[PDB]
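Asker: This is the structure, below, for whatever I ask next.
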Amino acid sequence: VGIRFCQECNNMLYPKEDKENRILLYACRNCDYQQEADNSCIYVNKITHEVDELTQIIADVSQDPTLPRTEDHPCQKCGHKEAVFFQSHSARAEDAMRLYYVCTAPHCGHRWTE
Amino acid sequence: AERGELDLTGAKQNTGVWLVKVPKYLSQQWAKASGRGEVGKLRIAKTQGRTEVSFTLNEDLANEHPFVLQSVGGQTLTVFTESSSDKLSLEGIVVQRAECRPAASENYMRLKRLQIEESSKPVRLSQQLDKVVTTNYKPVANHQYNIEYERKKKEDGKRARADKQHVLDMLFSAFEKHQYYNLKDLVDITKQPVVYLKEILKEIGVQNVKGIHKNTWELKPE
Amino acid sequence: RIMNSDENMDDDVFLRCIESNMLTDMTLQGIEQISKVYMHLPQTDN
Amino acid sequence: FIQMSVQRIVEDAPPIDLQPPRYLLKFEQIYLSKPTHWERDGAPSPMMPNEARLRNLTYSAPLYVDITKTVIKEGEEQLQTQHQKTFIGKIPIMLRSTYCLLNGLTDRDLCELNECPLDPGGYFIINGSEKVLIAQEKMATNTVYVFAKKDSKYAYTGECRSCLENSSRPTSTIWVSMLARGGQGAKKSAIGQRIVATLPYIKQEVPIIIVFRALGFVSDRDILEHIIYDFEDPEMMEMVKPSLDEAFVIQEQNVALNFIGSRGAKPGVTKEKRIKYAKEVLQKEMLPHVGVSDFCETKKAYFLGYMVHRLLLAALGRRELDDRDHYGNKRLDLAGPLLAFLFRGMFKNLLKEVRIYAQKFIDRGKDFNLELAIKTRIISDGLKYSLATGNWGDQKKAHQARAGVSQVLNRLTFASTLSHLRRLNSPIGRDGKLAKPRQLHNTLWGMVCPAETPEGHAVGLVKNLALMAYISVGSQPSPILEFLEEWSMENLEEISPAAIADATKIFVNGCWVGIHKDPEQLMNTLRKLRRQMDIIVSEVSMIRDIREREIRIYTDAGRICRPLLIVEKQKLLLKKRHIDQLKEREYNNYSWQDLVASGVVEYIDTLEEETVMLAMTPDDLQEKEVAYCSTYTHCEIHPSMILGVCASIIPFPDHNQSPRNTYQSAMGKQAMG
Amino acid sequence: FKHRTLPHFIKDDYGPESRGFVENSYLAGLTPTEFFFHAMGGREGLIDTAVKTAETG
Amino acid sequence: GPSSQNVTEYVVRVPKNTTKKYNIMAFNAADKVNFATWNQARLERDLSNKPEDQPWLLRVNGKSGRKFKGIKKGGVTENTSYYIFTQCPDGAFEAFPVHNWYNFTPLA
Ligand SMILES: [Zn+2]
Ligand SMILES: [Zn+2]
């Protein structure tokens with residue numbers, strides 16, 4: 001799923017097929033450095049696009065003076081009783097009125113939806 | 001022994017060198033190296049969790065700088081020289097890089113003001129004049145014209161033409177070196193009138209366009 | 001899988017071309033040009 | 001314009017070395033004198049602004065310069081000489097300026113010259129008439145904007161208009177496109193869209209990997225670290241993969257320069273000229289605001305990478321597109337940045353015709369004289385023409401110029417005069433039916449009057465600015481850069497592109513100038529310096545967006561500001577001690593300036609106004625309760641300062657229907673008084 | 001603005017008063033934030049009439 | 001250890017003259033070049049530009065044993081001078097000015 005760079009000329013390693021041992025070989029097209037593939041899959045295309053933005057929001061958003069705050073929902077990892085919540089603010093806005101939270105305690109940065 | 005030959009001795013000796021970044025004002029102080037070249041004292045204190053290096057100015061040079069060690073990772077460097085005898089030498093490889101910084105001796109604002117003191121003049125401001133300066137003078141003969149007049153009085157073209165055959169000595173002279181010469185090149189030799197010179201050129205020769213206009217005369221091939 | 005009768009231009013780029021071609025030129029159902037069709041029952045006498 | 005912007009133009013001009021011997025000429029210093037009128041018999045006398053109106057004169061001041069001339073013939077002596085205070089031309093003078101005859105006079109003397117003590121000033125007198133310059137709007141420069149043209153071949157587009165610090169007549173613009181997905185073809189259906197670029201001074205489109213290699217960086221591990229800043233992202237790397245496939249066969253520098261060098265304003269017949277031609281166009285016309293020197297070409301690579309890294313984020317749907325009418329992307333051209341633009345094109349035109357007079361006069365080898373070379377009617381009649389008639393161009397250029405500037409002052413009633421010296425103008429057409437450049441935008445709060453606008457065909461095209469709105473004048477970014485480097489900011493060159501994922505890119509005036517690893521302490525250190533005015537002047541804006549993880553700083557001219565009240569934890573910073581000593585300005589010498597320099601008010605730009613939380617009134621919004629917010633950062637002075645000049649004479653304007661307030665503001669301009 | 005209508009509200013506020021609901025009467029007067037939204041509505045209503053005449057003629 | 005206890009003090013001098021100009025010859029640390037493999041080297045200004053500005057051409061271990069091209073940095077003393085500090089037998093330190101910065105890279 002990732003990418004492979006040549007170890008000699010630092011370029012993009014293409015996948016190739018050899019008719020001897022039935023194993024995927026990654027080859028270069030400037031030099032001919034070789035090696036075998038460990039996962040033996042090339043292409044993947046996610047159409048659902050249901051990526052949870054809990055992996056994209058940053059912990060320093062709790063320094064924003066223009067975001068609402070809450071005393072109801074406390075943090076689990078530290079027990080702080082003050083959070084700051086917001087919406088998806090991105091694409092995939094068909095049914096996007098969820099409410100992600102971020103703890104505001106210094107050096108906690110814990111994030112969670114509900 | 002060759003100009004393009006590089007000495008590898010330093011490298012092959014694994015000679016090490018140190019690299020230190022220094023501010024210009026300090027470097028300007030350093031161009032005034034106390035006396036011959038003395039300049040101060042470096043002090044090095046290494047403790048369990050803190051290695052402190054600093055340099056102190058020569059008392060003469062004066063009339064604490066902590067060091068910040070920098071990584072030479074990503075780019076390992078070496079020092080190479082050019083003698084006053086233009087000989088080339090590699091002294092060593094850089095084993096340390098560092099930066100001299102201020103510490104508890106100056107605030108950021110006035111330190112910026114000290115840089116302001118270093119270049120404190122205002123770039124070409126538009127000043128305010130009083131009244132109006134004189135613009136038109138009363139010269140009689142323009143200076144440029146007088147220089148041209150003096151050059152003209154030196155030489156007068158109205159020369160005489162006796163023993164006219166001698167030119168032909170000079171003209172043919174030139175014509176042997178190159179088959180043809182632009183009328184202007186021939187004039188640069190004969191100061192006599194072009195019309196009369198053309199009669200001398202027409203008498204002993206013919207003019208060819210040679211192909212790019214440029215009136216050019218040549219000796220008759222007969 | 002591709003029909004193996006072709007193996008006795010690379011087949012990988014061909015398979016990616018086919019993959020990128022079938023998901024837009026599928027033509028499962030309906031008429032090609034009409035995109036969205038709604039539904040309601042009116043209350044007016046119109 | 002007349003203290004700095006005119007001295008820099010003549011000082012930063014190429015000498016005219018010309019030729020055997022050869023000569024030198026260079027200009028050093030500029031002077032001016034008070035406006036003066038030359039009588040019929042050649043006796044000068046200062047003209048007062050009143051005679052200029054009565055006798056249909058023009059209010060202008062003469063202009064001088066110092067020129068030095070050295071002859072270089074290696075004739076065993078370098079003969080230099082100078083002619084100081086040489087006459088050049090005459091510049092109009094705006095009334096009540098620092099260069100007028102009415103500067104700093106008292107009412108007993110203003111009445112003695114038959115002048116009104118209430119006259120505001122700020123207009124020119126040209127052939128008896130009274131002309132006023134209208135501020136023109138303009139799209140902001142040196143920033144990246146991402147749009148989406150839904151009609152043409154492109155699926156996304158970027159733009160960056162660059163100009164190297166007020167020194168270029170044109171402004172080079174560069175696009176970074178991306179072709180459409182639904183390209184009907186059995187070939188590119190599989191690979192996908194290819195990122196393209198449309199450089200200036202070339203005919204054909206160019207793939208981006210090619211123009212990357214023309215700067216060096218031929219390897220594809222080094223290119224793909226200027227464009228992608230973290231290699232744990234497979235979704236983005238998949239999108240840049242089909243950009244390499246078409247630039248794969250051309251894999252070295254010199255053949256790349258030939259590829260772009262083959263299609264220019266002149267197709268190169270030979271090879272070395274194309275490799276020469278492609279060298280400067282990619283060096284002096286590509287992104288001139290970053291650096292124009294032939295060195296420091298690693299910066300032109302990073303910025304071109306950031307321009308492309310930002311184009312992909314707009315395709316994955318991770319950041320929203322830019323807004324065209326968002327009033328934080330606009331700049332205003334006052335009389336300063338307008339007359340300076342018109343003075344360049346007439347100083348070059350004055351040097352272009354000292355050569356034509358020197359060559360004709362030095363081939364005969366006689367000598368040289370410069371007082372006869374300067375055609376003085378170039379600058380005098382050049383400015384006076386375009387101001388008097390309006391078309392912002394040249395006399396033989398009455399077809400290529402922008403019209404509508406410099407109209408006649410309105411003197412029907414005293415509030416129709418003030419409402420004329422404060423007026424903007426958006427340069428879009430006057431009949432286009434597109435509504436989005438005409439509707440009222442949210443960002444006009446407090447900086448443009450919402451009610452005052454004319455009807456007819458010019459609805460929403462001309463606008464008047466609010467009462468306390470203040471336009472900035474500009475400054476040099478030199479003293480902030482010297483502070484930033486000594487506050488632990490890593491330069492771009494001496495850093496590894498893997499230490500860039502968790503750092504906040506620091507921009508200054510449009511140019512990427514480093515990174516930083518602890519921004520929140522940098523920010524509230526930059527601010528507390530501006531609050532008390534040590535290193536940074538009060539008109540710079542400093543934006544920080546937490547999410548996109550960067551920091552911007554601006555110092556240029558054209559941004560529009562307005563003062564606000566600074567708020568600490570939940571209380572104002574304006575204590576009573578400031579009031580009982582502010583009601584005494586008459587014999588205390590304590591005024592507005594001593595109020596800014598004490599850190600209780602602050603000018604807030606439009607861009608900076610998106611990272612702020614305002615309260616509308618102290619006694620009512622800053623009380624602890626079950627409250628709306630609790631982190632208020634600023635507070636308004638009085639919410640009645642959001643109205644213009646002609647709309648703030650209406651009693652109880654918050655009780656009328658809205659179109660009614662628009663009619664009166666366009667109707668109190670024609671009331672007799 | 002970005003996720004706001006004016007710098008006096010908190011982000012993503014969907015209430016009635018934060019997106020244009022004027023709850024006063026012309027006799028009791030409007031508050032500043034309502035004055036501004038009223039001006040916006042009036043402006044669009046004023047542009048349409050300017051277009052209509054030329055089109056129909 | 002000493003690197004953790006070796007307190008010391010040494011004198012620093014900055015001589016107003018030198019018998020040779022001092023430059024920096026940077027190298028890629030990722031390449032991890034074994035300088036021991038450099039039996040010899042040749043070093044000449046690059047010929048593409050057909051002097052002090054010329055990029056260097058380094059030929060190690062023969063004409064094609066190893067070859068690098070060195071490109072001059074934009075600036076070296078634009079704000080702060082760079083110094084070479086060397087240890088002398090008397091323990092005192094000697095400082096040498098950096099004249100230029102050249103960037104060296106490997107060549108297929
Ligand atoms: Zn390879
Ligand atoms: Zn927590």
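Following the order of the structure tokens, first chain is A, next is B, and so on, with residues numbered from 1 inside each chain and ligands from 1 in the order they appear.
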What parts of region 103-158 of chain B does DSSP call helix (DSSP H, G or I)? I'd like the answer as an MDAnalysis selection string.
Answerer: chainID B and resid 108:118 143:154
Asker: Restricted to N, CA, C and O atoms, what would the selected residues look like written as a PDB file, in the first residue's frame?
Answerer:
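Heads up, here's the output in selection38.pdb:
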```
ATOM      1  N   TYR B 108      16.133  41.708  24.132  1.00  0.00           N
ATOM      2  CA  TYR B 108      15.940  41.569  22.664  1.00  0.00           C
ATOM      3  C   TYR B 108      15.722  42.936  22.005  1.00  0.00           C
ATOM      4  O   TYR B 108      16.310  43.173  20.928  1.00  0.00           O
ATOM      5  N   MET B 109      14.945  43.820  22.654  1.00  0.00           N
ATOM      6  CA  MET B 109      14.553  45.114  22.022  1.00  0.00           C
ATOM      7  C   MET B 109      15.738  46.061  21.808  1.00  0.00           C
ATOM      8  O   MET B 109      15.911  46.528  20.672  1.00  0.00           O
ATOM      9  N   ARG B 110      16.487  46.354  22.865  1.00  0.00           N
ATOM     10  CA  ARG B 110      17.685  47.222  22.719  1.00  0.00           C
ATOM     11  C   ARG B 110      18.802  46.506  21.941  1.00  0.00           C
ATOM     12  O   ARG B 110      19.691  47.214  21.500  1.00  0.00           O
ATOM     13  N   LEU B 111      18.861  45.164  21.953  1.00  0.00           N
ATOM     14  CA  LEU B 111      19.861  44.381  21.159  1.00  0.00           C
ATOM     15  C   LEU B 111      19.574  44.633  19.671  1.00  0.00           C
ATOM     16  O   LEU B 111      20.526  44.845  18.858  1.00  0.00           O
ATOM     17  N   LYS B 112      18.276  44.645  19.339  1.00  0.00           N
ATOM     18  CA  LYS B 112      17.776  44.992  17.982  1.00  0.00           C
ATOM     19  C   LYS B 112      18.138  46.462  17.742  1.00  0.00           C
ATOM     20  O   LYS B 112      18.541  46.785  16.615  1.00  0.00           O
ATOM     21  N   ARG B 113      18.007  47.299  18.781  1.00  0.00           N
ATOM     22  CA  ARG B 113      18.384  48.736  18.736  1.00  0.00           C
ATOM     23  C   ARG B 113      19.893  48.871  18.478  1.00  0.00           C
ATOM     24  O   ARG B 113      20.257  49.889  17.931  1.00  0.00           O
ATOM     25  N   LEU B 114      20.725  47.977  19.027  1.00  0.00           N
ATOM     26  CA  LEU B 114      22.208  47.936  18.847  1.00  0.00           C
ATOM     27  C   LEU B 114      22.506  47.613  17.382  1.00  0.00           C
ATOM     28  O   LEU B 114      23.459  48.205  16.816  1.00  0.00           O
ATOM     29  N   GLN B 115      21.718  46.701  16.787  1.00  0.00           N
ATOM     30  CA  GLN B 115      21.833  46.422  15.323  1.00  0.00           C
ATOM     31  C   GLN B 115      21.435  47.703  14.564  1.00  0.00           C
ATOM     32  O   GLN B 115      22.099  48.076  13.528  1.00  0.00           O
ATOM     33  N   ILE B 116      20.390  48.367  15.083  1.00  0.00           N
ATOM     34  CA  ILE B 116      19.917  49.660  14.527  1.00  0.00           C
ATOM     35  C   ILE B 116      21.067  50.656  14.678  1.00  0.00           C
ATOM     36  O   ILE B 116      21.319  51.294  13.739  1.00  0.00           O
ATOM     37  N   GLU B 117      21.809  50.679  15.784  1.00  0.00           N
ATOM     38  CA  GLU B 117      22.954  51.609  15.986  1.00  0.00           C
ATOM     39  C   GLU B 117      24.026  51.313  14.932  1.00  0.00           C
ATOM     40  O   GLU B 117      24.594  52.275  14.379  1.00  0.00           O
ATOM     41  N   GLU B 118      24.251  50.028  14.640  1.00  0.00           N
ATOM     42  CA  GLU B 118      25.254  49.601  13.628  1.00  0.00           C
ATOM     43  C   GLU B 118      24.899  50.184  12.250  1.00  0.00           C
ATOM     44  O   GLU B 118      25.826  50.708  11.602  1.00  0.00           O
ATOM     45  N   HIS B 143      30.876  75.098 -23.646  1.00  0.00           N
ATOM     46  CA  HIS B 143      32.219  74.493 -23.440  1.00  0.00           C
ATOM     47  C   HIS B 143      32.489  73.396 -24.475  1.00  0.00           C
ATOM     48  O   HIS B 143      33.628  73.321 -24.964  1.00  0.00           O
ATOM     49  N   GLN B 144      31.486  72.557 -24.763  1.00  0.00           N
ATOM     50  CA  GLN B 144      31.638  71.458 -25.753  1.00  0.00           C
ATOM     51  C   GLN B 144      31.992  72.046 -27.124  1.00  0.00           C
ATOM     52  O   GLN B 144      32.914  71.513 -27.771  1.00  0.00           O
ATOM     53  N   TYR B 145      31.312  73.123 -27.527  1.00  0.00           N
ATOM     54  CA  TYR B 145      31.555  73.740 -28.857  1.00  0.00           C
ATOM     55  C   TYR B 145      32.992  74.262 -28.931  1.00  0.00           C
ATOM     56  O   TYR B 145      33.641  74.060 -29.977  1.00  0.00           O
ATOM     57  N   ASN B 146      33.485  74.881 -27.853  1.00  0.00           N
ATOM     58  CA  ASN B 146      34.850  75.473 -27.879  1.00  0.00           C
ATOM     59  C   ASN B 146      35.902  74.375 -28.080  1.00  0.00           C
ATOM     60  O   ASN B 146      36.904  74.646 -28.771  1.00  0.00           O
ATOM     61  N   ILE B 147      35.703  73.205 -27.462  1.00  0.00           N
ATOM     62  CA  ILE B 147      36.659  72.069 -27.624  1.00  0.00           C
ATOM     63  C   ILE B 147      36.673  71.634 -29.093  1.00  0.00           C
ATOM     64  O   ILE B 147      37.776  71.436 -29.637  1.00  0.00           O
ATOM     65  N   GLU B 148      35.494  71.530 -29.714  1.00  0.00           N
ATOM     66  CA  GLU B 148      35.399  71.120 -31.140  1.00  0.00           C
ATOM     67  C   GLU B 148      36.082  72.172 -32.017  1.00  0.00           C
ATOM     68  O   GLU B 148      36.815  71.776 -32.947  1.00  0.00           O
ATOM     69  N   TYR B 149      35.876  73.456 -31.711  1.00  0.00           N
ATOM     70  CA  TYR B 149      36.446  74.539 -32.548  1.00  0.00           C
ATOM     71  C   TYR B 149      37.974  74.453 -32.522  1.00  0.00           C
ATOM     72  O   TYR B 149      38.592  74.556 -33.596  1.00  0.00           O
ATOM     73  N   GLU B 150      38.554  74.204 -31.344  1.00  0.00           N
ATOM     74  CA  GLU B 150      40.033  74.131 -31.212  1.00  0.00           C
ATOM     75  C   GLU B 150      40.558  72.969 -32.063  1.00  0.00           C
ATOM     76  O   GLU B 150      41.574  73.162 -32.760  1.00  0.00           O
ATOM     77  N   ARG B 151      39.869  71.824 -32.035  1.00  0.00           N
ATOM     78  CA  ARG B 151      40.295  70.638 -32.826  1.00  0.00           C
ATOM     79  C   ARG B 151      40.242  70.975 -34.317  1.00  0.00           C
ATOM     80  O   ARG B 151      41.190  70.604 -35.038  1.00  0.00           O
ATOM     81  N   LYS B 152      39.192  71.675 -34.754  1.00  0.00           N
ATOM     82  CA  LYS B 152      39.029  72.026 -36.191  1.00  0.00           C
ATOM     83  C   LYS B 152      40.179  72.935 -36.640  1.00  0.00           C
ATOM     84  O   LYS B 152      40.712  72.701 -37.741  1.00  0.00           O
ATOM     85  N   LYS B 153      40.510  73.965 -35.857  1.00  0.00           N
ATOM     86  CA  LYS B 153      41.548  74.936 -36.296  1.00  0.00           C
ATOM     87  C   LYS B 153      42.886  74.218 -36.502  1.00  0.00           C
ATOM     88  O   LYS B 153      43.742  74.779 -37.201  1.00  0.00           O
ATOM     89  N   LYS B 154      43.068  73.053 -35.871  1.00  0.00           N
ATOM     90  CA  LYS B 154      44.337  72.290 -36.005  1.00  0.00           C
ATOM     91  C   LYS B 154      44.544  71.807 -37.446  1.00  0.00           C
ATOM     92  O   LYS B 154      45.674  71.957 -37.949  1.00  0.00           O
TER      93      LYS B 154
END
```
Asker: Taking only C-alpha atoms into account, what are the residues of chain D at most 9 Å from chain E, put as a ChimeraX atom specification?
Answerer: /D:326,433,435,438-443,445,450-451,455-457,459-460,609-616,628-629,639-640,652-659
Asker: Would you please give, as a CSV table (one decimal) with N, CA and C atoms, in the first residue's frame, all residues of region 43-83 of chain F that DSSP assigns to strand (DSSP E) based on the backbone?
Answerer:
```csv
chain,number,residue,atom,x,y,z
F,43,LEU,N,41.5,18.1,-7.5
F,43,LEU,CA,40.4,19.1,-7.2
F,43,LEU,C,40.6,20.4,-8.1
F,44,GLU,N,39.6,20.6,-9.0
F,44,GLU,CA,39.7,21.6,-10.0
F,44,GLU,C,38.4,22.3,-10.2
F,45,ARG,N,38.4,23.5,-10.6
F,45,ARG,CA,37.2,24.2,-10.8
F,45,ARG,C,36.5,23.7,-12.1
F,56,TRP,N,33.6,23.6,-7.7
F,56,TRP,CA,34.8,22.7,-7.6
F,56,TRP,C,34.4,21.4,-8.3
F,57,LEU,N,35.4,20.7,-8.8
F,57,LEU,CA,35.3,19.4,-9.3
F,57,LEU,C,36.3,18.5,-8.6
F,58,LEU,N,35.8,17.6,-7.8
F,58,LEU,CA,36.6,16.7,-7.0
F,58,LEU,C,36.7,15.3,-7.7
F,59,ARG,N,37.9,14.9,-8.0
F,59,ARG,CA,38.1,13.6,-8.5
F,59,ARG,C,38.9,12.7,-7.6
F,60,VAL,N,38.3,11.8,-6.9
F,60,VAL,CA,39.0,10.9,-5.9
F,60,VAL,C,39.3,9.5,-6.5
F,66,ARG,N,36.3,8.2,-7.9
F,66,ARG,CA,35.2,9.0,-7.3
F,66,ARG,C,35.2,10.4,-7.8
F,67,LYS,N,34.0,10.9,-8.1
F,67,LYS,CA,33.8,12.2,-8.6
F,67,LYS,C,32.6,12.9,-8.0
F,68,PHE,N,32.8,14.1,-7.5
F,68,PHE,CA,31.8,15.0,-6.9
F,68,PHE,C,31.8,16.4,-7.5
F,69,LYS,N,30.7,17.1,-7.5
F,69,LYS,CA,30.6,18.5,-7.9
F,69,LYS,C,30.2,19.4,-6.7
F,70,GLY,N,31.0,20.4,-6.5
F,70,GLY,CA,30.7,21.3,-5.4
F,70,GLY,C,30.2,22.7,-5.8
F,71,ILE,N,29.0,23.0,-5.3
F,71,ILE,CA,28.3,24.3,-5.7
F,71,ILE,C,28.3,25.3,-4.5
F,72,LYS,N,28.8,26.5,-4.8
F,72,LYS,CA,28.9,27.5,-3.8
F,72,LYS,C,27.6,27.9,-3.2
F,80,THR,N,26.8,36.8,9.7
F,80,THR,CA,27.8,36.2,10.7
F,80,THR,C,28.9,35.5,10.1
F,81,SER,N,30.2,35.8,10.4
F,81,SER,CA,31.3,35.1,9.9
F,81,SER,C,31.4,33.7,10.5
F,82,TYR,N,32.0,32.8,9.8
F,82,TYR,CA,32.2,31.4,10.3
F,82,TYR,C,33.7,31.2,10.5
F,83,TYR,N,34.0,30.6,11.7
F,83,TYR,CA,35.4,30.5,12.0
F,83,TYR,C,35.8,29.0,12.2
```
Asker: Using only C-alpha atoms and all ligand atoms, which residues have at least one atom no more than 8 Å from ligand 1? Output them as a list in words.
Answerer: residues 5, 6, 7, 8, 9, 10, 11, 12, 13, 27, 28, 29, 30, 31, 32 and 33 of chain A
Asker: I need the residues from that last selection saved to file as a compact mmCIF listing (two decimals), in the first residue's frame (with N, CA and C atoms), if you can.
Answerer:
```txt
# COMPACT_ATOMS: atom_id res chain seq x y z
N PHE A 5 11.38 3.10 -2.57
CA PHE A 5 12.42 3.87 -3.23
C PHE A 5 13.65 2.99 -3.45
N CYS A 6 14.28 3.18 -4.61
CA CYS A 6 15.50 2.46 -4.94
C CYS A 6 16.60 2.80 -3.94
N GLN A 7 17.48 1.83 -3.71
CA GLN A 7 18.57 1.99 -2.76
C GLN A 7 19.85 2.47 -3.42
N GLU A 8 19.85 2.67 -4.73
CA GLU A 8 21.03 3.16 -5.44
C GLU A 8 20.82 4.57 -5.97
N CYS A 9 19.79 4.81 -6.78
CA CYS A 9 19.57 6.11 -7.39
C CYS A 9 18.41 6.87 -6.76
N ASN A 10 17.79 6.33 -5.71
CA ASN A 10 16.72 7.01 -4.98
C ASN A 10 15.59 7.42 -5.91
N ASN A 11 14.97 6.42 -6.53
CA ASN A 11 13.82 6.68 -7.40
C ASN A 11 12.67 5.76 -7.04
N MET A 12 11.62 5.76 -7.85
CA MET A 12 10.43 5.00 -7.53
C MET A 12 10.53 3.58 -8.06
N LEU A 13 10.38 2.61 -7.16
CA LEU A 13 10.45 1.20 -7.52
C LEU A 13 9.11 0.71 -8.03
N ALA A 27 11.19 -3.49 -9.07
CA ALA A 27 12.30 -3.16 -9.94
C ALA A 27 12.37 -1.65 -10.13
N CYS A 28 13.55 -1.18 -10.54
CA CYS A 28 13.77 0.21 -10.88
C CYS A 28 13.88 0.34 -12.39
N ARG A 29 13.60 1.54 -12.90
CA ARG A 29 13.68 1.79 -14.32
C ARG A 29 14.79 2.76 -14.69
N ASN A 30 15.65 3.11 -13.73
CA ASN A 30 16.90 3.81 -14.01
C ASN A 30 18.08 2.86 -13.89
N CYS A 31 18.22 2.22 -12.74
CA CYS A 31 19.04 1.03 -12.58
C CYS A 31 18.11 -0.18 -12.52
N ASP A 32 18.66 -1.35 -12.23
CA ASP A 32 17.82 -2.53 -12.11
C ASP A 32 17.98 -3.21 -10.75
N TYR A 33 18.00 -2.42 -9.69
CA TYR A 33 17.98 -2.93 -8.33
C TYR A 33 16.70 -3.74 -8.15
```
Asker: Which residues are near ligand 2 in this structure, taking near to mean any atom at most 12 Å from a ligand atom and counting only C-alpha atoms and all ligand atoms? Format them as JSON, numbers by chain.
Answerer: {"A": [59, 62, 73, 74, 75, 76, 77, 78, 79, 80, 81, 82, 83, 84, 101, 102, 103, 104, 105, 106, 107, 108, 109, 110, 111, 112]}
Asker: Do me a favour and pick out the residues of chain C within 12 Å of chain A, using only C-alpha atoms, as an MDAnalysis selection string.
Answerer: chainID C and resid 10:13 15:16 19:20 23
Asker: Taking only C-alpha atoms into account, produce a table as a tab-separated table in which each residue of chain D with an atom at most 9 Å from an atom of chain B appears once, together with its shortest atom pair and the distance in Å to one decimal, ordered by chain and rising number.
Answerer:
```
residue	atom	partner	partner_atom	distance
D:2	CA	B:126	CA	7.4
D:3	CA	B:126	CA	5.2
D:4	CA	B:125	CA	6.5
D:6	CA	B:126	CA	8.0
D:7	CA	B:126	CA	6.2
D:8	CA	B:124	CA	7.7
D:11	CA	B:124	CA	7.9
D:28	CA	B:124	CA	7.8
D:29	CA	B:124	CA	6.4
D:30	CA	B:126	CA	5.5
D:31	CA	B:127	CA	5.5
D:32	CA	B:129	CA	5.7
D:33	CA	B:129	CA	5.1
D:34	CA	B:131	CA	6.8
D:36	CA	B:132	CA	8.7
D:44	CA	B:132	CA	8.8
D:46	CA	B:131	CA	8.8
D:62	CA	B:132	CA	8.5
D:64	CA	B:133	CA	8.9
D:85	CA	B:133	CA	7.3
D:86	CA	B:135	CA	7.1
D:87	CA	B:135	CA	6.7
D:99	CA	B:128	CA	8.5
D:365	CA	B:148	CA	8.8
D:366	CA	B:148	CA	5.6
D:367	CA	B:144	CA	5.3
D:368	CA	B:144	CA	6.5
D:369	CA	B:144	CA	6.9
D:479	CA	B:112	CA	7.2
D:482	CA	B:112	CA	7.1
D:483	CA	B:112	CA	6.7
D:486	CA	B:108	CA	8.2
D:487	CA	B:108	CA	8.7
D:495	CA	B:74	CA	8.7
D:496	CA	B:74	CA	7.5
D:529	CA	B:109	CA	8.5
D:534	CA	B:109	CA	6.3
D:535	CA	B:109	CA	6.1
```
Asker: Can you tell me how far CA of residue 322 (chain D) sits from CA of residue 139 (chain D), in Å to one decimal?
Answerer: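 So the two atoms, CA of residue 322 (chain D) and CA of residue 139 (chain D), lie 12.5 Å apart.
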Asker: Which distance in Å separates CA of residue 54 (chain B) and CA of residue 77 (chain F), to one decimal?
Answerer: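 Result for CA of residue 54 (chain B) versus CA of residue 77 (chain F): 21.4 Å, one decimal.
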Asker: In Å, with one decimal, what is the gap from CA of residue 215 (chain D) to CA of residue 490 (chain D)?
Answerer: 23.1 Å
Asker: May I ask which of the residues A:51, A:93, A:67, A:57 is the closest one to chain E, counting only C-alpha atoms?
Answerer: A:67
Asker: Any idea what's packed within 10 Å of residue 29 (chain B), counting only C-alpha atoms, ignoring anything in its chain fewer than 5 positions away? Could you give it as a PyMOL selection string?
Answerer: chain B and resi 23-24+34+39+57+61-63
Asker: Write out the residues from the selection above, keeping C-alpha atoms, as an mmCIF file, in the first residue's frame.
Answerer:
```cif
data_model
loop_
_atom_site.group_PDB
_atom_site.id
_atom_site.type_symbol
_atom_site.label_atom_id
_atom_site.label_comp_id
_atom_site.auth_asym_id
_atom_site.auth_seq_id
_atom_site.Cartn_x
_atom_site.Cartn_y
_atom_site.Cartn_z
ATOM 1 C CA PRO B 23 28.330 37.465 14.649
ATOM 2 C CA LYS B 24 29.732 40.203 12.406
ATOM 3 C CA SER B 34 44.678 42.528 19.791
ATOM 4 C CA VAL B 39 42.149 37.763 20.752
ATOM 5 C CA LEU B 57 37.552 38.550 24.672
ATOM 6 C CA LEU B 61 40.268 43.275 22.078
ATOM 7 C CA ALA B 62 37.754 44.515 24.617
ATOM 8 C CA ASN B 63 38.857 48.080 23.994
#
```
